[PDB]
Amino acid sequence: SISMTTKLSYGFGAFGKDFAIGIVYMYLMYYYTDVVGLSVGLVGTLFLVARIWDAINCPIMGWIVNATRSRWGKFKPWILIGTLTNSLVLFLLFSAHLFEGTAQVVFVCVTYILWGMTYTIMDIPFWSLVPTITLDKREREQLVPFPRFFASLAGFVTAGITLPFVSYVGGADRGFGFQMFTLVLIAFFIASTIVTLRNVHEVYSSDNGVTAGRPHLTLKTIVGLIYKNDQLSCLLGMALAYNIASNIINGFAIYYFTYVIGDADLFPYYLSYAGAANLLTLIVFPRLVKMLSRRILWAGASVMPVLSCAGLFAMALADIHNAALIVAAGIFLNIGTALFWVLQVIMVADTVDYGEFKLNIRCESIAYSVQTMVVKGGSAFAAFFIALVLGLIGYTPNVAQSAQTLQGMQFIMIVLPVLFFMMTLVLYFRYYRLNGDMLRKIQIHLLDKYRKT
């Protein structure tokens, strides 16, 4: 079985990894607009351009991680480099409050794109370690929940106690408190990286003496492996659909809590119940996956946010506000995302295994590069589709609009995510085959194929 030590160390590693980025994802816009003073248009354009650049750079980082030969392994050195460089670039990122003028703009842009690229460096190989630790069904099912739960935790802990820290430490100079809390984040991140590097011991590694991995590969060969691996491409499409849907829903929630009718002090209860739901569904996943199926749990992951969408649709039609429905939709969305993330990690592992099975090539870095680039392109395409819908309905001026036009915009924003969820779940049910007997077949085939000359 998997060493409990390795389980908890991977959990702590994921905790640090996601704790280093929660502050960014959650308050970088607030810092750049409320502490630095940059035009919202500039911030948004930078965010979108940088996410596009990261999605493009992802396969490049995968090719880098696959062709690297080193003592600690082919994932551990890039993990260490990424963690260190990302900590440094994060401190620089939130030290932007010092400069002014064109110098400040250049500093902000450079630091932001550097932070993104560094986090890619770190992220791809970290999750690429999963298929190395184990290539068994239930072992993966009861391993992944640890890092997923710890990442979700880190995020909610940020959401909860990031602002009190900044207020307590130089509450007047908000930039100072931000860059100070950055130190806490960096300490946790480096401690987690060290813990995971020492304790997590990769098995069945690609560069291992006998695992059917070719270190010398081209960018064309590797990237085309994604379509050659029909299951990996199916996973790509499913994750892209799910990510577009979840990003649209999360933007809707951010808009309904940040600007409109979010001043009832309702957000604390919503976030608390959301985190409770996510953490509880992650904790009991090892038992849910067995009580129910894997296919059933994926259907649920895509359907629970659909039920939340239906609920908030009934809301937007009947009552503009109702706290109970709001927290219920939050709980549904959070359970769905938890199930989705756990299954998605386990499934990219299954896909690297099926790639070794069919194509006779073991490449984890590429599958998890697909994971990361899809995570980015999801936000990118959500923004694209939202802008498309807005320009279509006539919101291109954004100066004055009919109330009925706003209600229609609301309804379309509620209905598009369910379209994407239907896409992801039907694609899964019609083209995905790595389950049950197929997984065991691939497992036995690989166990047998591991034979030196």
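The numbering used is simple: start at 1 and walk along the sequence shown.
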Entry-level comparison of average CA B-factors, 254 to 262 and 371 to 379, reporting the higher stretch: 254 to 262
Can you let me know which of the two, 357 to 365 or 319 to 327, has the higher average C-alpha B-factor in the entry? 319 to 327
Cα B factor band for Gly311 (lowest, middle or highest third within the chain): highest
Using only modelled residues of the chain, where does the Cα B factor of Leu219 rank: lowest third, middle third or highest third? highest
Cα B factor band for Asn208 (lowest, middle or highest third within the chain): highest
Name the third of the chain's ranked CA B-factors that contains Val105, choosing lowest, middle or highest. highest
What third of its chain's C-alpha B-factors does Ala55 belong to: lowest, middle or highest? lowest
